[PDB]
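A.B. asks: Build me a model:
(2 chains)
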Amino acid sequence: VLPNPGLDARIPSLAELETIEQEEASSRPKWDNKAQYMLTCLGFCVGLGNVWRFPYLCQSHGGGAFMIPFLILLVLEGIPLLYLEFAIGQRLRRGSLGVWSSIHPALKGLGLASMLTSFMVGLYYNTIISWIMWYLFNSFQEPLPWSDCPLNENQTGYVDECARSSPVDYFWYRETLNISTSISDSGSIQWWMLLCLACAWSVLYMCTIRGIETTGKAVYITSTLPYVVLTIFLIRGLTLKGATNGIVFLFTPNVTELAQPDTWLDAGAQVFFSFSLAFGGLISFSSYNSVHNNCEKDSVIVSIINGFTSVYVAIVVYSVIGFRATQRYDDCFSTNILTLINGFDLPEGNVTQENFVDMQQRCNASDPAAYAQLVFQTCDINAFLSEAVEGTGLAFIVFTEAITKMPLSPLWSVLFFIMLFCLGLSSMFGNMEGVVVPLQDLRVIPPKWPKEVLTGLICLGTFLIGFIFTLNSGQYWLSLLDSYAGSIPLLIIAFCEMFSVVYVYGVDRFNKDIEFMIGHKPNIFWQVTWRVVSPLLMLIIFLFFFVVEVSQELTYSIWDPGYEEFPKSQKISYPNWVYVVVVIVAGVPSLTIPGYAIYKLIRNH
Amino acid sequence: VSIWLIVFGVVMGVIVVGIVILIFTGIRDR
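C.D. replies: Residues are numbered from 1 along each chain as shown, chains lettered A, B, ... in the order given. Sure, structure below:
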């Protein structure tokens, strides 16, 4: 629709590209195997919120009714853009920031915005990834350290916060890290945890020192292991009988929790996040294979599994959630089995989780006086399934408890954490690719000191900012990022693809591209959704952002080791000096889309 | 002294040598 003066003469125009095939190997890397290409795309998409936020959002939207707004946005918006993602990087055969230069050169705020989101999410994930290794260092041993309480100072029973709450948590607010109360007070620096952060930066830098070459040989193992070990953990769940309890909690269809506005919203944010989008490394990934490679069914293949395996990941955790809730359901009851015979004294054989309550009626009938002194702790499954956690606690203060309900409890403590390490590490590649592909499109730096020297400039450049997360206050900074950083601005970066291909590039100009790559135009629903449907849905959920922008006041949790009714959290708001930086972390990636064009308009006027 | 620094001590030695192995390959492929 737009004229674009100078639209062409920057693209390779469909008739010389067959000749560039036989000269690309001397200038650019290549996928040296068919099998090594599939290992890259699955590992960047999966995990890290599909494992902790997506199964949590099951039981906050209705368990057995959660799939319906969830599964559709696979087959309405994911399967367009990923097939669109494959088709242009194989067309232009060039980096992502170069793409929005070859289309309307008053653009290229977009290639920055892909880099300005990919660099921060690559930062604070490695903070989480370091704690995966930290608890893995704390593995290997007979009495796992979170299992027991530290004593008091008198060689007797335990300290107060390990008495008032479980030993799995206490080892988190002093052990994992020393904790602060608020976000406004920075405490200890956690210097040994800073060493654990430091080594986490290096196994990345070891593996992508030569970009496609070193990663292409180091993807054959890290992209198969996080799916196998998760297969025996499923039978481990049916080994310890604790399944069919959170499993039936996964099958609770709440039709009342479907017409909510945030039901479509929270489903829409995760399906955009379950795939790893708006980074541009996949443009370079689809530039390193053959030109006539079928990516149409490859768009069907890899999009299906990551939406299908994540459901199967949600099965294994609720078996554990059902397992932890199972034994805790009777622990208070066995205490009350003890508390019944405490004051009212039945023989220990003729008491069980049975007519216990009926014999309690005979106890109250024989005497009400001592019956008014025996307190009983009422318990219920869905009073033990009704507690939950999101973000971090599922593997750190929830999963490690049922780890300690195993006969080989230090051994499965090891096997849990290499799986989640390589899970984030495989997802730590395209955000790493999202910062180097616009970097090769900068070219104001000296072009000497080749890529291995440039590789050392990335890992030590972003080494520095993770230091504030090692503070006692540093965990409260991390709660900002999963909530705000990359929640809203991920959408409209993807929306600028829709305006470019239809009204600037021309969908019919894209139509002659697809008969070149594979041949004949695909099924007609492909051509429908690029016109209308993906432009429709992306702004409805963006409209739902303004519904949840300010309709609930911003509040973050504080721990307070000296808390009033201590075994619960405390939710306080932020100070006014904290409000000045919350717009910086999520807003400045969105400012560059008009922002460079204003600099470009005063540069060319 | 510490058990978590024992398992930390072996993985910090793995990290130092693999980066210079690929340095020798890139210098042999100049």
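A.B. asks: CA atoms for contacts and neighbours, from now on please.
C.D. replies: OK.
A.B. asks: Just give the closest residue to the residue in chain B positioned nearest to chain A, not the sequence neighbours.
C.D. replies: Scanning chain B for the residue nearest chain A gives residue B:4, at 4.5 Å (criterion: C-alpha to the nearest C-alpha). Excluding its sequence neighbours, the residue lying closest to residue B:4 (C-alpha to C-alpha, 6 or more residues apart in numbering or on different chains) is residue A:137, at 4.5 Å.
A.B. asks: Look at residue 6 and say how many residues are nearby.
C.D. replies: Chain wasn't specified; assuming chain A. 11 (other C-alpha atoms under 10 Å in any protein chain shown).
A.B. asks: Not quite, go with chain B.
C.D. replies: Other residues within reach of residue B:6, judged by other C-alpha under 10 Å, total 13.
A.B. asks: just checking, what packs against the host helix or strand of it?
C.D. replies: Element membership for residue B:6 (DSSP states H and E) is helix B:4-28. Packed against helix B:4-28 by the contact rule (3 or more C-alpha pairs under 8 Å, 6 or more residues apart in numbering or on different chains; DSSP states H and E) you find helix A:110-137, helix A:191-207.
A.B. asks: Residues contacting the last one, please?
C.D. replies: The contact list for helix A:191-207, computed with C-alpha atoms under 8 Å, 6 or more residues apart in numbering or on different chains, reads A:126-127, A:129-131, A:133-134, A:177, A:214-215, A:218, A:425, A:428, A:455-456, A:459, A:463, A:466-467, A:470, B:12, B:15, B:18-19.
A.B. asks: gap between it and the chain center?
C.D. replies: Relative to its chain's centre, helix A:191-207 lies at 20 Å (C-alpha atoms, centre = their mean, to the nearest Å).
A.B. asks: can you give me the angle it makes with helix B:4-28?
C.D. replies: 30 degrees (axes from the mean of the first three to the mean of the last three C-alpha atoms, to 10 degrees).
A.B. asks: so where do the strands sit in chain A?
C.D. replies: Along chain A, the stretches classed as strands by DSSP state E are A:556-558, A:570-572.
A.B. asks: Okay, now the sheet partners of the first one, with direction.
C.D. replies: Going back to what we said before, that points to strand A:556-558. Using DSSP bridges, strand A:556-558 pairs in its sheet with strand A:570-572 (antiparallel).
A.B. asks: Report the buried residues of stretch A:207-217.
C.D. replies: The neighbour-count check on stretch A:207-217 (16 or more other C-alpha atoms under 10 Å in any protein chain shown) flags A:207, A:208, A:209, A:210, A:211, A:212, A:215, A:216 as buried.
A.B. asks: Would you point out the most distant pair within the residues you listed?
C.D. replies: A:209 and A:216 (11.5 Å; C-alpha to C-alpha).
A.B. asks: which neighbours do these two share?
C.D. replies: By C-alpha under 8 Å, 6+ apart, no residue touches both residue A:209 and residue A:216.
A.B. asks: Find the closest residue to chain B in chain A.
C.D. replies: Closest residue of chain A to chain B, C-alpha to the nearest C-alpha: residue A:137 (4.5 Å).
A.B. asks: Can you get me a residue count around that residue?
C.D. replies: When neighbours are defined as other C-alpha under 10 Å, residue A:137 has 20 of them.
A.B. asks: what's the answer for residue A:535, then?
C.D. replies: Residue crowding around residue A:535 was assessed by other C-alpha under 10 Å; the count is 17.
A.B. asks: From residue A:527, how far out is the closest residue to it other than its chain neighbours?
C.D. replies: Leaving aside its chain neighbours, residue A:535 sits nearest to residue A:498 (6.6 Å; criterion: C-alpha to C-alpha, 6+ apart). Distance, residue A:498 to residue A:527, by C-alpha to C-alpha, to the nearest Å: 13 Å.
A.B. asks: Show me which of those two is the more surrounded one.
C.D. replies: Shown here are residue A:498 and residue A:527; by other C-alpha under 10 Å, residue A:498 has more neighbours (18 against 14).
A.B. asks: What's the separation between that one and residue A:531?
C.D. replies: For residue A:498, the distance to residue A:531 equals 8 Å [C-alpha to C-alpha].
A.B. asks: What of residue A:82?
C.D. replies: With distances taken as C-alpha to C-alpha, residue A:82 is found 15 Å from residue A:531.
A.B. asks: between those two, which one's more packed in?
C.D. replies: Neighbour tally, residue A:82 and residue A:531, criterion other C-alpha under 10 Å: the higher count belongs to residue A:82, 21 against 16.
A.B. asks: List the contacts of residue A:451.
C.D. replies: Applying C-alpha under 8 Å, 6+ apart to residue A:451 gives the contacts A:209, A:210.
A.B. asks: Give the buried residues for stretch A:376-386.
C.D. replies: Those would be A:381, A:384, A:385, for stretch A:376-386 by 16+ other C-alpha under 10 Å.
A.B. asks: From those, pick the one nearest residue A:49.
C.D. replies: Nearest to residue A:49 among those: residue A:385, at 19.9 Å, using C-alpha to C-alpha.
A.B. asks: Quick check: the closest one touching residue A:246?
C.D. replies: Yes: in this structure residue A:385 lies within contact range of residue A:246 using C-alpha atoms under 8 Å: 7.3 Å.
A.B. asks: Could you tell me which residues touch both of these two?
C.D. replies: The contact sets of residue A:385 and residue A:246 overlap at A:321, A:322 (C-alpha under 8 Å, 6+ apart).
A.B. asks: So which residues on chain A come close to chain B?
C.D. replies: With C-alpha under 8 Å from any C-alpha of the partner chain as the criterion, chain A meets chain B at residues A:134, A:137, A:138, A:139, A:199, A:202, A:203, A:206, A:209.
A.B. asks: Identify the residues contacting the second one.
C.D. replies: Applying C-alpha under 8 Å, 6+ apart, we find residue A:137 in contact with B:3, B:4, B:5, B:7, B:8.
A.B. asks: The first one now?
C.D. replies: Listed by C-alpha under 8 Å, 6+ apart, the contact partners of residue A:134 are A:193, A:196, B:4.
A.B. asks: Export these to JSON lines and append columns for distance to residue A:108 and neighbour count.
C.D. replies: Putting the contacts of residue A:134 into JSON lines (distance: C-alpha to C-alpha, whole Å; neighbours: other C-alpha atoms under 10 Å in any protein chain shown) gives the following:
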{"residue": "A:193", "distance to residue A:108": "39", "neighbour count": "20"}
{"residue": "A:196", "distance to residue A:108": "37", "neighbour count": "21"}
{"residue": "B:4", "distance to residue A:108": "47", "neighbour count": "16"}
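A.B. asks: Using a markdown table, lay out the residues you listed together with distance to residue A:279.
C.D. replies: Output for the contacts of residue A:134, formatted as a markdown table (distance: C-alpha to C-alpha, whole Å):
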| residue | distance to residue A:279 |
| --- | --- |
| A:193 | 30 |
| A:196 | 28 |
| B:4 | 36 |
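A.B. asks: any idea which of those is the one closest to residue A:11?
C.D. replies: Nearest to residue A:11 out of these is residue A:196 (C-alpha to C-alpha; 46.4 Å).
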